[PDB]
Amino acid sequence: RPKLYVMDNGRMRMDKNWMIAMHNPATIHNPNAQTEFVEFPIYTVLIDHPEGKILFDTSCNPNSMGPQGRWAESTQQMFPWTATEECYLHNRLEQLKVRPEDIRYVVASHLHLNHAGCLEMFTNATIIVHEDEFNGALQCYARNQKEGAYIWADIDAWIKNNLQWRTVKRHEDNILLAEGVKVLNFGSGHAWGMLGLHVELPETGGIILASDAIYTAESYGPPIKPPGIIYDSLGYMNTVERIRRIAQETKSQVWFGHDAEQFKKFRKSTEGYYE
């Protein structure tokens, strides 16, 4: 009988237009419309499963922010991450008496700065990632792109730590990872290659981890309100509607990438778990 933990990995801020495109459009009466700098949670999920511990997303690297940080100053200033040491992934796991080395599977929803930050920790895991996302991030690396949402220093470490990669092929079916745990191949949308998770918990029932395939309940609607951070608009719309169908058909909850209200309600790792 698995136990699922929600781990609080701090907070990030950014232009609300990244989150919800064209939220406050200029008008003839408000020609100089202003945006907001909204705050949202970064979190990860540990599924402690008989067949092996599964980790979904990894938040940000502890060495991300500041003048000796891995993130470019441009990135630090557009997407600032605020976190106490207790929020650091290694510490959240430590609190749960789980060692990095105990993780069998890490599912990378995508390789953005606030999701792939600590991949490098898990040298004993199989890292599951969409092949298109992997290819895209590696090109950023090879092209020496030191700005944007893909952190050169993070990728550098993934390679140096000799991580064990399992790429989900573009046209690959869902992957049964363990009893009641399936990796969903969302494909291109928010990013080059998005992965989700369906978890069937004996008590709680069905859970869909959407990650950045759906930022918030506002994104979800209906109607859908798409983000400014977006690669494949058609694929993004398709993915959201596909999630809506799966949720309906499997009677699952949809856990968004960073819904403040929803995260608030979650039972965090410090208080307990889901079963």
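All residue numbers are counted from 1 along the displayed sequence.
Fill in: Segment of higher mean CA temperature factor, 263-271 or 249-257
If you average the C-alpha B-factors of 263-271 and of 249-257, the larger mean comes out for 263-271.
Item to complete: Select between 157-165 and 86-94 the stretch whose C-alpha atoms have the higher average B-factor in the entry.
Response: The stretch with the larger mean CA B-factor is 86-94.
Discussion item. Per the entry's Cα B factor values, which of 138, 119, 184, 201 stands out as the maximum?
Written reply: Of the candidates given, the C-alpha B-factor peaks at 201.
Item to complete: Compare the CA B factors listed in the entry for 214, 60, 209, 38 and report the winner.
Response: Among 214, 60, 209, 38, the highest C-alpha B-factor in the entry belongs to 38.
Worksheet entry | Third of the chain's Cα B-factor distribution that residue 151 belongs to, per the entry | Ranked within chain, residue 151 CA B lands in the lowest tercile.
Worksheet item: Considering only modelled residues of the same chain, in which third does the CA B-factor of residue 242 rank: lowest, middle or highest?
Response: Bottom third by C-alpha B-factor.
Worksheet item: Comparing residue 72 with the other modelled residues of its chain, is its CA B-factor in the lowest, middle or highest third?
Response: Tercile = highest for this residue's CA B-factor.
Practice prompt. Would you mind ranking residue 175 by its C-alpha B-factor against the rest of the chain and naming the third, lowest, middle or highest?
Written response: Middle third of the chain for residue 175's C-alpha B-factor.
Worksheet item: In terms of the CA temperature factor given in the entry, to which third of its chain does residue 124 belong: lowest, middle or highest?
Response: Top third by C-alpha B-factor.
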